[PDB]
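This report concerns only the one structure given below.
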Amino acid sequence: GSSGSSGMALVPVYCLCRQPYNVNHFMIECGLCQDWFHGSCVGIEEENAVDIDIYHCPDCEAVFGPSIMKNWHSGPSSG
Ligand SMILES: [Zn+2]
Ligand SMILES: [Zn+2]
């Protein structure tokens, strides 16, 4: 705690909550506008993101559509 000891770092907001970024939480990158958002603010689970080849923000999906998915074709489906 001290007046000084500043960070001297600037970072614009990308998410809809006018936030730059949140470590604790996971954030995805839109493959349309190149914007970052919180998996919770958008509704995308980090565990699922790894499968999302091209995440589509809730602002572009209204024109482009849903988020693309990778191929992950490693062996025949096992049910
Ligand atoms: Zn957010
Ligand atoms: Zn977008």
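Following the order of the structure tokens, chains are lettered A, B, ..., residues in each are numbered from 1, and ligands are numbered from 1.
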Strand (DSSP E or B) per DSSP on the backbone: members of chain A, as a ChimeraX atom specification: /A:27-30,36-38,54-55,68
Keeping C-alpha atoms, export the residues of the selection given above as an mmCIF file, in the first residue's frame.
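Final file, out.cif:
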```cif
data_model
loop_
_atom_site.group_PDB
_atom_site.id
_atom_site.type_symbol
_atom_site.label_atom_id
_atom_site.label_comp_id
_atom_site.auth_asym_id
_atom_site.auth_seq_id
_atom_site.Cartn_x
_atom_site.Cartn_y
_atom_site.Cartn_z
ATOM 1 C CA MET A 27 -11.066 -16.469 -22.009
ATOM 2 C CA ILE A 28 -11.542 -17.430 -25.658
ATOM 3 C CA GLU A 29 -10.570 -15.653 -28.878
ATOM 4 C CA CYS A 30 -13.142 -14.924 -31.585
ATOM 5 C CA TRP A 36 -11.371 -11.963 -26.186
ATOM 6 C CA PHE A 37 -14.255 -12.895 -23.886
ATOM 7 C CA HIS A 38 -14.911 -14.762 -20.636
ATOM 8 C CA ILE A 54 -12.901 -21.185 -34.235
ATOM 9 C CA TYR A 55 -14.789 -19.565 -31.359
ATOM 10 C CA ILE A 68 -16.537 -24.014 -35.589
#
```
Could you make a table, as a tab-separated table, of the residues of chain A that have an atom within 9 Å of an atom of ligand 2, each with its nearest atom pair and distance in Å to one decimal, counting only C-alpha atoms and all ligand atoms, in chain and number order?
```
residue	atom	partner	partner_atom_place_in_ligand_line	distance
A:29	CA	ligand 2	1 (Zn)	8.2
A:30	CA	ligand 2	1 (Zn)	4.8
A:31	CA	ligand 2	1 (Zn)	6.6
A:32	CA	ligand 2	1 (Zn)	4.8
A:33	CA	ligand 2	1 (Zn)	4.1
A:34	CA	ligand 2	1 (Zn)	6.2
A:35	CA	ligand 2	1 (Zn)	5.9
A:36	CA	ligand 2	1 (Zn)	8.5
A:55	CA	ligand 2	1 (Zn)	8.2
A:56	CA	ligand 2	1 (Zn)	5.6
A:57	CA	ligand 2	1 (Zn)	4.3
A:58	CA	ligand 2	1 (Zn)	6.9
A:59	CA	ligand 2	1 (Zn)	5.6
A:60	CA	ligand 2	1 (Zn)	4.6
A:61	CA	ligand 2	1 (Zn)	7.4
```
Can you write out the residues you just picked, keeping N, CA, C and O atoms, as a PDB file, in the first residue's frame?
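Saved to out-v7.pdb:
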```
ATOM      1  N   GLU A  29     -10.855 -16.645 -27.848  1.00  0.00           N
ATOM      2  CA  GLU A  29     -10.570 -15.653 -28.878  1.00  0.00           C
ATOM      3  C   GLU A  29     -11.458 -15.866 -30.100  1.00  0.00           C
ATOM      4  O   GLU A  29     -11.432 -16.928 -30.722  1.00  0.00           O
ATOM      5  N   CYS A  30     -12.244 -14.850 -30.438  1.00  0.00           N
ATOM      6  CA  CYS A  30     -13.142 -14.924 -31.585  1.00  0.00           C
ATOM      7  C   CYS A  30     -12.353 -14.949 -32.892  1.00  0.00           C
ATOM      8  O   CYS A  30     -11.504 -14.092 -33.133  1.00  0.00           O
ATOM      9  N   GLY A  31     -12.642 -15.939 -33.732  1.00  0.00           N
ATOM     10  CA  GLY A  31     -11.952 -16.057 -35.003  1.00  0.00           C
ATOM     11  C   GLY A  31     -12.615 -15.246 -36.100  1.00  0.00           C
ATOM     12  O   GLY A  31     -12.474 -15.556 -37.284  1.00  0.00           O
ATOM     13  N   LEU A  32     -13.341 -14.204 -35.707  1.00  0.00           N
ATOM     14  CA  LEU A  32     -14.029 -13.348 -36.665  1.00  0.00           C
ATOM     15  C   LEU A  32     -13.634 -11.887 -36.471  1.00  0.00           C
ATOM     16  O   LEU A  32     -13.315 -11.185 -37.431  1.00  0.00           O
ATOM     17  N   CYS A  33     -13.655 -11.435 -35.222  1.00  0.00           N
ATOM     18  CA  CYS A  33     -13.297 -10.059 -34.899  1.00  0.00           C
ATOM     19  C   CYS A  33     -12.008 -10.008 -34.084  1.00  0.00           C
ATOM     20  O   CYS A  33     -11.479  -8.931 -33.809  1.00  0.00           O
ATOM     21  N   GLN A  34     -11.509 -11.180 -33.703  1.00  0.00           N
ATOM     22  CA  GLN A  34     -10.282 -11.269 -32.920  1.00  0.00           C
ATOM     23  C   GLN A  34     -10.453 -10.595 -31.563  1.00  0.00           C
ATOM     24  O   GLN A  34      -9.600  -9.819 -31.132  1.00  0.00           O
ATOM     25  N   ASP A  35     -11.561 -10.897 -30.893  1.00  0.00           N
ATOM     26  CA  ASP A  35     -11.843 -10.320 -29.584  1.00  0.00           C
ATOM     27  C   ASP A  35     -11.845 -11.399 -28.505  1.00  0.00           C
ATOM     28  O   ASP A  35     -12.222 -12.543 -28.758  1.00  0.00           O
ATOM     29  N   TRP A  36     -11.420 -11.027 -27.303  1.00  0.00           N
ATOM     30  CA  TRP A  36     -11.371 -11.963 -26.186  1.00  0.00           C
ATOM     31  C   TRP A  36     -12.591 -11.799 -25.285  1.00  0.00           C
ATOM     32  O   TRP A  36     -13.070 -10.686 -25.069  1.00  0.00           O
ATOM     33  N   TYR A  55     -13.763 -20.102 -32.244  1.00  0.00           N
ATOM     34  CA  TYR A  55     -14.789 -19.565 -31.359  1.00  0.00           C
ATOM     35  C   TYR A  55     -15.457 -18.342 -31.979  1.00  0.00           C
ATOM     36  O   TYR A  55     -14.786 -17.456 -32.510  1.00  0.00           O
ATOM     37  N   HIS A  56     -16.784 -18.298 -31.906  1.00  0.00           N
ATOM     38  CA  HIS A  56     -17.543 -17.183 -32.459  1.00  0.00           C
ATOM     39  C   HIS A  56     -18.248 -16.404 -31.351  1.00  0.00           C
ATOM     40  O   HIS A  56     -19.172 -16.910 -30.713  1.00  0.00           O
ATOM     41  N   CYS A  57     -17.805 -15.171 -31.127  1.00  0.00           N
ATOM     42  CA  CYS A  57     -18.390 -14.323 -30.098  1.00  0.00           C
ATOM     43  C   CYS A  57     -19.894 -14.174 -30.305  1.00  0.00           C
ATOM     44  O   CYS A  57     -20.414 -14.345 -31.408  1.00  0.00           O
ATOM     45  N   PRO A  58     -20.612 -13.847 -29.220  1.00  0.00           N
ATOM     46  CA  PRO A  58     -22.066 -13.667 -29.257  1.00  0.00           C
ATOM     47  C   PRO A  58     -22.476 -12.415 -30.026  1.00  0.00           C
ATOM     48  O   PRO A  58     -23.644 -12.026 -30.020  1.00  0.00           O
ATOM     49  N   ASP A  59     -21.508 -11.790 -30.689  1.00  0.00           N
ATOM     50  CA  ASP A  59     -21.769 -10.583 -31.465  1.00  0.00           C
ATOM     51  C   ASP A  59     -21.654 -10.863 -32.960  1.00  0.00           C
ATOM     52  O   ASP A  59     -22.259 -10.172 -33.780  1.00  0.00           O
ATOM     53  N   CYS A  60     -20.872 -11.880 -33.308  1.00  0.00           N
ATOM     54  CA  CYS A  60     -20.675 -12.251 -34.704  1.00  0.00           C
ATOM     55  C   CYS A  60     -21.579 -13.418 -35.089  1.00  0.00           C
ATOM     56  O   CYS A  60     -22.011 -13.529 -36.236  1.00  0.00           O
ATOM     57  N   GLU A  61     -21.859 -14.287 -34.122  1.00  0.00           N
ATOM     58  CA  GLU A  61     -22.711 -15.446 -34.362  1.00  0.00           C
ATOM     59  C   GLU A  61     -24.059 -15.022 -34.937  1.00  0.00           C
ATOM     60  O   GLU A  61     -24.745 -15.811 -35.585  1.00  0.00           O
TER      61      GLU A  61
END
```
Counting only C-alpha atoms and all ligand atoms, what are the residues of chain A within 9 Å of ligand 1, and for each of them which pair of atoms is the nearest and at what distance in Å, to one decimal? Sort the table by chain and rising number, as JSON lines.
```
{"residue": "A:14", "atom": "CA", "partner": "ligand 1", "partner_atom_place_in_ligand_line": "1 (Zn)", "distance": 8.3}
{"residue": "A:15", "atom": "CA", "partner": "ligand 1", "partner_atom_place_in_ligand_line": "1 (Zn)", "distance": 4.8}
{"residue": "A:16", "atom": "CA", "partner": "ligand 1", "partner_atom_place_in_ligand_line": "1 (Zn)", "distance": 5.5}
{"residue": "A:17", "atom": "CA", "partner": "ligand 1", "partner_atom_place_in_ligand_line": "1 (Zn)", "distance": 4.5}
{"residue": "A:18", "atom": "CA", "partner": "ligand 1", "partner_atom_place_in_ligand_line": "1 (Zn)", "distance": 7.1}
{"residue": "A:19", "atom": "CA", "partner": "ligand 1", "partner_atom_place_in_ligand_line": "1 (Zn)", "distance": 6.1}
{"residue": "A:20", "atom": "CA", "partner": "ligand 1", "partner_atom_place_in_ligand_line": "1 (Zn)", "distance": 8.6}
{"residue": "A:21", "atom": "CA", "partner": "ligand 1", "partner_atom_place_in_ligand_line": "1 (Zn)", "distance": 7.9}
{"residue": "A:22", "atom": "CA", "partner": "ligand 1", "partner_atom_place_in_ligand_line": "1 (Zn)", "distance": 8.1}
{"residue": "A:27", "atom": "CA", "partner": "ligand 1", "partner_atom_place_in_ligand_line": "1 (Zn)", "distance": 8.5}
{"residue": "A:36", "atom": "CA", "partner": "ligand 1", "partner_atom_place_in_ligand_line": "1 (Zn)", "distance": 8.9}
{"residue": "A:37", "atom": "CA", "partner": "ligand 1", "partner_atom_place_in_ligand_line": "1 (Zn)", "distance": 5.8}
{"residue": "A:38", "atom": "CA", "partner": "ligand 1", "partner_atom_place_in_ligand_line": "1 (Zn)", "distance": 4.6}
{"residue": "A:39", "atom": "CA", "partner": "ligand 1", "partner_atom_place_in_ligand_line": "1 (Zn)", "distance": 7.8}
{"residue": "A:40", "atom": "CA", "partner": "ligand 1", "partner_atom_place_in_ligand_line": "1 (Zn)", "distance": 7.0}
{"residue": "A:41", "atom": "CA", "partner": "ligand 1", "partner_atom_place_in_ligand_line": "1 (Zn)", "distance": 4.7}
{"residue": "A:42", "atom": "CA", "partner": "ligand 1", "partner_atom_place_in_ligand_line": "1 (Zn)", "distance": 7.5}
```
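Reported to one decimal place, the separation of atom CA of residue A:45 from atom CA of residue A:11 is 24.1 Å.
Scanning chain A with DSSP on the backbone, the alpha helix (DSSP H) assignments fall on residues 39, 40, 41, 42, 46, 47, 48 and 49 of chain A.
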One-decimal distance in Å that lies between atom CA of residue A:25 and atom CA of residue A:50: 14.9 Å
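For the atom pair formed by atom CA of residue A:48 and atom CA of residue A:71, the distance is 13.4 Å, given to one decimal.
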